[PDB]
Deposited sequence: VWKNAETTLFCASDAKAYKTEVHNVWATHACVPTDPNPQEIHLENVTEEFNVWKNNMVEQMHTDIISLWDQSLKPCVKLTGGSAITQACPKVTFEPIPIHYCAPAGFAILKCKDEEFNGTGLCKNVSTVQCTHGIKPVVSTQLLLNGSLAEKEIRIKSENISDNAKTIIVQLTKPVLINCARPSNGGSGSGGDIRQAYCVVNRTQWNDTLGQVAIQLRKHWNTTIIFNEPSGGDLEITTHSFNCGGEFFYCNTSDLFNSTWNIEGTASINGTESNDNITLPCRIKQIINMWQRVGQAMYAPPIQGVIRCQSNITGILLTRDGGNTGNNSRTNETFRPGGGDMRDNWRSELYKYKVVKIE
């Protein structure tokens, strides 16, 4: 038998020690090699309580990935309150690799297999593993990228779906490819391009899922305010920080390429902590990186002026990013 326990995990990855890319460098020294043959045993007649929103694994991933960024990125200036540190601004190689999280001697990880698991509740189908699946530690806003997909239909998750102050995590079943690049003219203007029909279709199937919680006209709309990191789809492509206007993604009511304008910014707000950093201008040549959109982060509007409900793309607390990826897992001590 076991009891719910909280302990330190360790990370494993298949990083290359010769590679100069920052994710590889970090995992080479902060993680152990992966086991090529991950063990997973199913457990019979067993049931367990899961709650991602109270899951210490999330806090641990967050602290690691703050650690990776702090040891990897190299801003020319680092502003915090008053007086800022200057440093060398070498350009960096940046492309995340899968990290797995593993249980140390004495403990284990339980995985919820229930097809329709929401993040909280009883799991009836439960197996046991020694390491999570490989998770790419992608930091982004509004859209979750390169993540995992819902098996049969789009899934909606929330710590409390009725609480308008709780982020809504959407998980897609079919990924929508988003393709961003800055051609080889203003050297900071880039563009992202998603297939319109494919995206419109997706938004309609998210509407379907959002009803069930609200049987009314579902509206998607632009963010109402916040830092530019929040009001735009923000993400790091090959060392450069992209900010893409998603107005054309979130502007529709439910009852050709889409082409998103982006700027590459040298001055950003840190997500790790309160502060801003400055980076060199964009490396020249073709800067590209296309990704699978696998999820969306949403906030519902409060007030009651139903008819309709309005949703805007959210984010900012990266812990939601980790939650979308770790919700099936749980640590336990082995008494």
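- When the deposited sequence is numbered from 1, the segments without any C-alpha atom are 185-191, 263-275, 326-329.
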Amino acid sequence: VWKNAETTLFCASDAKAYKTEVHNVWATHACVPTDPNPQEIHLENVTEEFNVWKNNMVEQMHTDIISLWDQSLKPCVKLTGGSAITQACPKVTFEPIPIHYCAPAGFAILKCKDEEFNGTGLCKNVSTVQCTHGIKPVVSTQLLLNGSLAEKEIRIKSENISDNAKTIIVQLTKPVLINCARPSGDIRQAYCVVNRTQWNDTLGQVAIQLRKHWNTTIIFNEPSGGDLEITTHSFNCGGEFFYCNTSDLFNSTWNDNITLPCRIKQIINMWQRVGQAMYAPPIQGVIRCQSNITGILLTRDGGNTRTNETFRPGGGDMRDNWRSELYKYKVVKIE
From here on, numbers count along this sequence of modelled residues.
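- Comparing the deposited coordinates for 276-284 and 60-68, the stretch with the larger average C-alpha B-factor is 276-284.
- As the entry records it, the average C-alpha temperature factor is higher for 106-114, out of 106-114 and 232-240.
- Among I268, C289, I296, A27, the highest C-alpha B-factor recorded in the PDB entry belongs to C289.
- If you compare the C-alpha temperature factors of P75, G134, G81, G147 in the entry, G81 comes out highest.
- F220 sits in the lowest third of its chain by CA B factor, as recorded in the PDB entry.
- In the PDB entry, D227 places in the lowest third of its chain by CA B-factor.
- Split the chain's modelled residues into thirds by C-alpha temperature factor. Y101 is in the lowest one.
- Among the modelled residues of its chain, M318 has a C-alpha B-factor that falls in the lowest third, as given in the PDB entry.
- Placement of the Cα temperature factor of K166 within the chain: lowest third of the modelled residues, per the deposited record.
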